[PDB]
Amino acid sequence: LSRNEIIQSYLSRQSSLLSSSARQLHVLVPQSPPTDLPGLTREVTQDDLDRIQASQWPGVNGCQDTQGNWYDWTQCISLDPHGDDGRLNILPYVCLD
Amino acid sequence: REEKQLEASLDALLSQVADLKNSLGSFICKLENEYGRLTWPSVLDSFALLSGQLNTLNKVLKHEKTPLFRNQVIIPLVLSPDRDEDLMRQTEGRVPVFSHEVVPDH
Amino acid sequence: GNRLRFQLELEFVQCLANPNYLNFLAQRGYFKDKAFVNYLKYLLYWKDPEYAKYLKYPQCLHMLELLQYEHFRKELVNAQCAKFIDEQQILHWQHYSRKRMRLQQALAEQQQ
Amino acid sequence: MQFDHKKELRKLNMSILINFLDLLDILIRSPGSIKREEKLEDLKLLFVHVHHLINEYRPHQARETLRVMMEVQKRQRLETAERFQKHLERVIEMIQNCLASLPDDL
Amino acid sequence: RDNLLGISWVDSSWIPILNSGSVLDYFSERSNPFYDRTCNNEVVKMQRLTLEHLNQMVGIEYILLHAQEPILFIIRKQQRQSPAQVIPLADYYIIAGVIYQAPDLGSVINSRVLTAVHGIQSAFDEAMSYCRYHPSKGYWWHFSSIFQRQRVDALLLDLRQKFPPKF
Amino acid sequence: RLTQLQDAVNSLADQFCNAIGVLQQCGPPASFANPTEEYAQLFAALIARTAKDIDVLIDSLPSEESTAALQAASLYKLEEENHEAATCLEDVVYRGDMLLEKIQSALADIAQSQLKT
Amino acid sequence: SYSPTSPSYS
Amino acid sequence: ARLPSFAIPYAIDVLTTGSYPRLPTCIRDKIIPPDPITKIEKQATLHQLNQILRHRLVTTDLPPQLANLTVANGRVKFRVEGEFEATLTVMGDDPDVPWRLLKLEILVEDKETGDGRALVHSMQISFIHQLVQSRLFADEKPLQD
Amino acid sequence: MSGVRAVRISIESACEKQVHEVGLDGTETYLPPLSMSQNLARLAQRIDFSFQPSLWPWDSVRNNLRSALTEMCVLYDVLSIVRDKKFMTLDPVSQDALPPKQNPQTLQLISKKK
Amino acid sequence: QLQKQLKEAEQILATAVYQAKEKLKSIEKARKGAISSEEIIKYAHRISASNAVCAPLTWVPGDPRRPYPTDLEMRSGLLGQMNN
């Protein structure tokens with residue numbers, strides 16, 4: 001368990017950084033006081049069903065991001081939260097093949 | 001001394017096995033290439049000669065003042081999943097790349 | 001009782017998904033008996049959803065279908081057969097998962 | 001039961017970080033306290049909830065991704081129907097032009 | 001206990017935790033057909049420590065012979081009459097955490113010849129059953145050229161030259 | 001995105017255990033080193049990054065405007081529309097099959113005439 | 001080196 | 001406590017049907033031989049081949065001196081009444097598939113010269129067959145050739 | 001969520017691409033070309049016009065002889081692998097096959113008889 | 001030329017309607033397919049709770065986690081235990 005060799009330690013940094021990874025960060029989403037079923041008691045409201053299918057809903061159907069680019073659940077978001085060349089890589093939600 | 005004699009007996013056994021194998025192979029290949037026209041006298045002519053001569057020779061070799069075979073033991077040394085082009089050539093195509101399955105199997 | 005029958009049959013069908021056990025049964029000569037093919041034909045009741053609801057290891061069902069072709073049981077007595085089938089199974093499994101993950105990650109990193 | 005799944009997930013993220021800072025305050029001030037055992041239980045409970053919400057966003061990742069799945073299949077069926085409709089129109093136009101050229105040549 | 005050559009014994013937990021130091025322990029897990037309680041390595045474990053005690057004592061001492069780090073670990077069973085006196089009894093080889101007994105160069109060959117020739121004998125009996133004979137007919141189983149062909153072959157070559165093949 | 005969020009939360013817990021196990025096991029002794037200080041800065045930065053990433057995946061993750069009610073309504077509408085689309089597409093295939101049958105017989109007759117001449 | 005290979009050795 | 005991917009469609013496939021569409025099919029391709037088509041299929045495929053042969057014939061310039069052709073549900077049966085009997089057929093797509101001669105029966109059958117026999121060695125017939133087949137396999141202009 | 005109501009949700013089989021063959025060290029293979037227009041000619045190839053070569057008679061004999069040959073060959077391979085010290089051994093552990101019975105006489109007798 | 005064009009059109013129609021028939025076949029499987037979603041979620045959790053549906057994050061060529069009930073699980077498994 002001694003490890004601590006400069007080489008052994010250097011491998012640890014690369015492996016850990018790879019798994020993890022001007023703002024280009026997602027738009028802040030605030031409080032959600034009316035939830036569609038329990039919070040607003042608006043179960044089966046037809047506008048909500050229409051909005052989810054085609055309209056852009058910030059958190060039900062996608063992630064807004066900054067710079068305006070809209071990323072849907074199936075798509076993968078590439079963003080750069082740190083001020084460095086390396087960019088965080090959001091992957092897909094539906095991941096539907 | 002007895003090791004030299006043991007090796008000589010081993011080589012003789014190898015020769016016998018090789019001959020028997022060759023005979024069997026030729027026989028089945030000939031059966032498949034002839035199929036028809038083959039008749040009972042010829043089929044009996046081939047089965048009997050090959051099997052009898054080779055088997056009698058093997059038993060005779062095993063029992064003529066040769067080293068005691070129950071003494072020696074075979075225990076695998078190195079196994080490497082590496083591709084080998086020499087064991088494939090040496091064993092004439094079967095048993096390539098001495099893997100883990102092959103030692104319990106053989 | 002019928003409960004013990006159900007439990008033993010479930011365990012046996014889930015165990016059939018093992019190529020090692022299949023090669024075991026094929027070498028021991030259980031497949032050559034005309035009783036085992038009728039038992040397999042009876043075992044097809046697991047295809048129903050109410051019965052498939054209790055199957056923890058689902059990989060068996062498809063395999064079971066192959067056992068009905070009457071050429072799968074004549075072969076598979078070889079150990080190379082179990083070798084190859086388990087190889088392809090684990091390869092499909094692990095490669096599908098990790099390859100989807102790695103492809104997504106590598107494409108996201110390269111496009112940036 | 002207000003059960004917002006994004007507000008409470010952000011709350012649980014911030015609660016996990018602040019309880020880690022309070023565990024650092026335990027390790028600074030009084031390591032022999034009883035509370036650290038509670039603390040080493042406490043954020044565990046928090047971590048359980050952060051998984052338990054996103055799973056519930058997983059019979060929903062299921063039901064919601066399932067929802068998108070069915071919509072995508074319906075869209076693909078509509079696209080195939082449109083392609084057939086367009087292909088049929090192209091075929092009818094081809095037949096009409098070929099027929100005119102037959103009698104026009106006549 | 002029927003045939004020690006035809007038995008294999010294993011255990012999954014000990015498999016990942018296996019190293020040159022632990023091979024003897026794996027053989028020693030007990031309830032292992034190859035090894036025995038009578039062996040002194042077991043008497044030592046009953047007592048405290050293990051060192052040159054196998055040389056002070058001179059009896060049944062299972063000892064590692066050859067070792068490959070990942071899987072291959074060969075063990076040898078010795079019977080000592082005195083220090084610096086070793087008599088080899090048998091060899092048990094462990095491949096992939098699976099223990100087998102090393103086959104004798106001769107018991108293996110005897111079984112091998114027996115199976116091959118038994119197969120040949122079944123085939124022979126079956127072949128003898130089918131053959132049927134009559135003196136008039138000869139043998140059977142229980143299951144040319146009109147010589148006008150030289151001109152035909154000349155015509156074939158002629159049409160070959162006339163109509164060339166365009167594969 | 002969900003498996004990414006799960007792996008990000010687990011990486012947060014792993015960075016917690018790694019940060020304490022590093023910054024307690026290794027340190028300069030005392031006075032009544034610089035590599036350890038660098039390690040502390042790097043670990044704090046990584047934990048802060050992971051937190052920001054989890055928030056972005058979550059600010060993103062579904063709004064509680066689903067998981068019930070709208071799910072059932074949407075699946076029922078999708079079933080109805082799947083039925084009607086299947087009917088429409090099978091009608092289109094019927095039209096195409098009639099057209100293909102007509103053109104197939106329309107030729108066969110051309111071939112019969114050309115062979116009879 | 002050479003751990004038993006469930007998937008083939010790379 | 002974390003789930004993996006939540007199965008996505010694997011659970012749906014088992015419940016909806018049963019034929020596992022995952023892993024490799026090479027199992028069945030290498031171990032299980034394919035089942036042959038029944039006579040109903042035979043007739044339908046031979047009728048499709050009849051239509052394809054009609055198209056190929058109306059496109060190809062069939063020789064006008066004889067060209068006695070009958071679809072025979074699978075073979076054009078090109079047979080001059082007293083001189084030769086060939087059976088040409090296609091193997092697939094009309095643009096570039098070659099032909100298959102299949103039969104090379106010789107019609108010259110005299111009962112005054114050849115009694116209780118043909119008129120030429122079968123081996124020579126098969127040689128001419130393979131020669132003309134390789135010649136037609138070039139997709140030149142075969143009906144005339 | 002407090003009492004989720006399950007409705008009749010229909011899902012289509014996810015058969016967009018199949019992995020006919022899976023190779024080692026990754027390398028996915030998508031053999032399935034998903035065609036029919038050519039599949040008709042592919043099936044026409046199967047159609048007739050007129051398990052080894054014939055292999056209806058003497059199949060048992062053929063297989064038996066093949067198996068005997070294979071055992072012979074395996075023994076020869078092991079003997080050739082002992083012929084050298086390449087991945088093998090031959091250490092003669094001074095042992096003694098001790099048969100605690102009159103097995104020999106009885107076996108000989110029965111064998112000769114049959 | 002007309003005949004050739006007609007044949008090409010026929011081939012197009014054929015492929016199109018064959019694909020339409022494939023879609024119809026999917027629809028016929030789908031009709032019987034409709035079932036409870038909760039049931040689908042429960043079955044997915046059942047098949048995915050262990051290392052069966054998804055390969056584990058750290059699953060290299062050498063793992064006790066197998067696509068089958070191993071051999072120790074078989075040794076305590078009802079099957080042969082009760083047959084004994």
# chains A, B, ... in the order shown; residues from 1 in each chain; ligands from 1

call {"tool": "interface_residues", "arguments": {"of": "chain D", "to": "chain F", "cutoff": "10 Å", "atoms": "only C-alpha atoms", "output": "JSON, numbers by chain"}}
result
{"D": [2, 3, 4, 5, 6, 7, 9, 10, 13, 14, 16, 17, 20, 24, 27, 43, 44, 47, 50, 51, 54, 55, 56, 57, 58, 59, 60, 61, 62, 63, 64, 66, 67, 68, 70, 71, 73, 74, 75, 77, 78, 80, 81, 82, 84, 85, 87, 88, 91, 92, 95]}

call {"tool": "interface_residues", "arguments": {"of": "chain E", "to": "chain G", "cutoff": "10 Å", "atoms": "only C-alpha atoms", "output": "compact mmCIF listing (two decimals) with N, CA and C atoms, in the first residue's frame"}}
result
# COMPACT_ATOMS: atom_id res chain seq x y z
N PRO E 16 -9.20 -15.35 -6.03
CA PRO E 16 -8.55 -14.05 -6.16
C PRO E 16 -7.40 -13.86 -5.16
N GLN E 68 4.38 -20.44 -11.51
CA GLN E 68 4.15 -19.28 -12.36
C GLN E 68 3.19 -18.36 -11.62
N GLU E 69 3.53 -17.07 -11.57
CA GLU E 69 2.82 -16.13 -10.70
C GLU E 69 1.31 -16.13 -10.91
N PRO E 70 0.77 -16.02 -12.13
CA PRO E 70 -0.70 -15.90 -12.24
C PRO E 70 -1.47 -17.15 -11.84
N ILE E 71 -1.21 -18.29 -12.48
CA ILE E 71 -2.06 -19.47 -12.28
C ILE E 71 -1.26 -20.72 -11.91
N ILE E 95 -3.97 -25.60 -12.02
CA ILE E 95 -4.13 -24.75 -13.18
C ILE E 95 -5.43 -23.97 -13.02
N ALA E 96 -5.31 -22.64 -13.02
CA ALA E 96 -6.47 -21.74 -12.94
C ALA E 96 -7.29 -22.00 -11.67
N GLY E 97 -6.59 -22.22 -10.56
CA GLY E 97 -7.27 -22.52 -9.31
C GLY E 97 -8.00 -23.84 -9.31

call {"tool": "closest_atom_pairs", "arguments": {"of": "chain B", "to": "chain G", "cutoff": "12 Å", "atoms": "only C-alpha atoms", "output": "CSV"}}
result
residue,atom,partner,partner_atom,distance
B:78,CA,G:2,CA,11.0
B:79,CA,G:2,CA,8.5
B:80,CA,G:2,CA,6.8
B:81,CA,G:2,CA,6.8
B:82,CA,G:9,CA,8.9
B:83,CA,G:9,CA,10.8
B:97,CA,G:9,CA,11.9
B:99,CA,G:4,CA,9.3
B:100,CA,G:4,CA,7.3
B:101,CA,G:4,CA,9.5

call {"tool": "write_last_selection", "arguments": {"atoms": "N, CA and C atoms", "output": "short mmCIF file (atom, residue, chain, number, x, y, z; two decimals), in the first residue's frame"}}
result
data_model
loop_
_atom_site.label_atom_id
_atom_site.label_comp_id
_atom_site.auth_asym_id
_atom_site.auth_seq_id
_atom_site.Cartn_x
_atom_site.Cartn_y
_atom_site.Cartn_z
N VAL B 78 5.23 -23.82 -17.89
CA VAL B 78 4.79 -22.47 -18.21
C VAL B 78 3.57 -22.52 -19.14
N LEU B 79 2.61 -21.63 -18.91
CA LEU B 79 1.48 -21.41 -19.80
C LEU B 79 1.39 -19.92 -20.12
N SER B 80 1.45 -19.57 -21.40
CA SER B 80 1.37 -18.19 -21.85
C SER B 80 0.32 -18.05 -22.94
N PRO B 81 -0.69 -17.14 -22.85
CA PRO B 81 -1.77 -17.13 -23.85
C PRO B 81 -1.22 -16.56 -25.16
N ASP B 82 0.11 -16.50 -25.27
CA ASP B 82 0.75 -15.89 -26.47
C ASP B 82 0.54 -16.78 -27.70
N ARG B 83 0.43 -16.16 -28.88
CA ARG B 83 0.34 -16.96 -30.12
C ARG B 83 1.66 -17.72 -30.30
N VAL B 97 -1.09 -22.44 -29.36
CA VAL B 97 -1.09 -21.43 -28.25
C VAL B 97 -1.51 -22.06 -26.91
N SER B 99 -2.84 -22.74 -24.01
CA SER B 99 -3.67 -21.90 -23.09
C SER B 99 -3.95 -22.66 -21.79
N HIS B 100 -4.93 -22.18 -21.01
CA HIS B 100 -5.28 -22.81 -19.72
C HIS B 100 -6.20 -24.02 -19.94
N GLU B 101 -7.16 -23.92 -20.86
CA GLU B 101 -8.06 -25.05 -21.08
C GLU B 101 -7.32 -26.33 -21.47
#

call {"tool": "interface_residues", "arguments": {"of": "chain B", "to": "chain E", "cutoff": "12 Å", "atoms": "only C-alpha atoms", "output": "ChimeraX atom specification"}}
result
/B:6,10,13-14,16-17,20-21,24,27-28,35-48,50-52,54-56,58-59,62-63,66-81,99-106

call {"tool": "closest_residue", "arguments": {"among": "D:18, D:34, D:40, D:72", "to": "chain I", "atoms": "only C-alpha atoms"}}
result
D:72

call {"tool": "residues_around", "arguments": {"residues": "residue 39 of chain F", "least_positions_apart": "4", "cutoff": "9 Å", "atoms": "only C-alpha atoms", "output": "VMD selection string"}}
result
chain F and resid 19 22 to 23 34 to 35 43 to 44

call {"tool": "write_last_selection", "arguments": {"atoms": "C-alpha atoms", "output": "mmCIF file, in the first residue's frame"}}
result
data_model
loop_
_atom_site.group_PDB
_atom_site.id
_atom_site.type_symbol
_atom_site.label_atom_id
_atom_site.label_comp_id
_atom_site.auth_asym_id
_atom_site.auth_seq_id
_atom_site.Cartn_x
_atom_site.Cartn_y
_atom_site.Cartn_z
ATOM 1 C CA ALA F 19 -9.805 13.598 0.564
ATOM 2 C CA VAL F 22 -5.129 11.601 2.004
ATOM 3 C CA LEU F 23 -5.200 14.726 4.146
ATOM 4 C CA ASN F 34 4.167 21.943 0.245
ATOM 5 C CA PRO F 35 3.172 18.779 -1.755
ATOM 6 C CA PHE F 43 -8.852 17.970 -3.908
ATOM 7 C CA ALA F 44 -10.911 21.063 -2.996
#

call {"tool": "select_by_dssp", "arguments": {"residues": "chain A", "states": "strand (DSSP E or B)", "output": "ChimeraX atom specification"}}
result
/A:62-63,71-72,78-79,88-89

call {"tool": "write_last_selection", "arguments": {"atoms": "C-alpha atoms", "output": "PDB file, in the first residue's frame"}}
result
ATOM      1  CA  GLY A  62     -34.346  19.188 -21.929  1.00  0.00           C
ATOM      2  CA  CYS A  63     -31.418  21.262 -20.543  1.00  0.00           C
ATOM      3  CA  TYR A  71     -29.854  20.026 -25.698  1.00  0.00           C
ATOM      4  CA  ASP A  72     -32.653  17.402 -25.562  1.00  0.00           C
ATOM      5  CA  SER A  78     -20.411  19.263 -24.181  1.00  0.00           C
ATOM      6  CA  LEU A  79     -19.692  22.066 -21.680  1.00  0.00           C
ATOM      7  CA  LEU A  88     -16.885  18.234 -19.142  1.00  0.00           C
ATOM      8  CA  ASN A  89     -18.919  15.820 -21.275  1.00  0.00           C
TER       9      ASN A  89
END
